[PDB]
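A.B. asks: Questions regarding the structure given below will be posed in turn.
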Amino acid sequence: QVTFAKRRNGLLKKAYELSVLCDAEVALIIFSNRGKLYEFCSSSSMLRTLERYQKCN
Amino acid sequence: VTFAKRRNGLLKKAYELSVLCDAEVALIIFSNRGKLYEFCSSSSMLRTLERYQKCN
């Protein structure tokens, strides 16, 4: 997927921007079709954000 | 607020990435008031988070 790198980088960047601009807590997990993991979390740790998520629902 | 705009944009682009590049995507967003928004491309958010935990 020739556009994968571009879209991935764009999404990681915009996730970061949302967290910075709006004081929002953001977690983003991406697996490529080859199974490569890319991720962003705005908080002290991804685990903490996932734990926060589970507590709602 | 431009929170709404950027949020909607991110949710949409996450969807596009999953569809256009056959990628598995999970996205969790808490507003500064603690409102939860989310997108997951798979059958369930839990399954994708479980996949995530299995890596390093």
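Ligands are numbered from 1 in the order shown, chains are lettered A, B, ... in the order of the structure tokens, and residues start at 1 in each chain.
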With chain A as the partner and 9 Å as the cut-off, tabulate the residues of chain B that qualify, each row holding the nearest pair of atoms and their distance in Å to one decimal, using only C-alpha atoms, sorted by chain and rising number, as a tab-separated table.

C.D. replies:
residue	atom	partner	partner_atom	distance
B:2	CA	A:22	CA	8.1
B:3	CA	A:22	CA	6.0
B:6	CA	A:18	CA	6.4
B:7	CA	A:18	CA	7.2
B:9	CA	A:14	CA	8.7
B:10	CA	A:14	CA	6.8
B:13	CA	A:11	CA	6.8
B:14	CA	A:11	CA	6.8
B:16	CA	A:7	CA	8.6
B:17	CA	A:7	CA	6.3
B:18	CA	A:30	CA	8.6
B:20	CA	A:1	CA	8.1
B:21	CA	A:1	CA	5.7
B:22	CA	A:33	CA	5.6
B:23	CA	A:32	CA	4.7
B:24	CA	A:31	CA	5.1
B:25	CA	A:30	CA	4.6
B:26	CA	A:29	CA	5.1
B:27	CA	A:28	CA	4.5
B:28	CA	A:27	CA	5.1
B:29	CA	A:26	CA	4.6
B:30	CA	A:25	CA	5.0
B:31	CA	A:24	CA	4.7
B:32	CA	A:24	CA	5.2
B:33	CA	A:24	CA	8.6
B:34	CA	A:24	CA	8.3
B:36	CA	A:53	CA	7.9
B:48	CA	A:29	CA	8.4
B:49	CA	A:50	CA	8.1
B:52	CA	A:29	CA	7.5
B:55	CA	A:37	CA	8.3

A.B. asks: Using backbone DSSP assignments, extract all strand (DSSP E or B) residues from chain A; output them as a list in words.

C.D. replies: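 Filtering chain A down to strand (DSSP E or B) leaves residues 25, 26, 27, 28, 29, 30, 31, 37, 38, 39, 40 and 41 of chain A.
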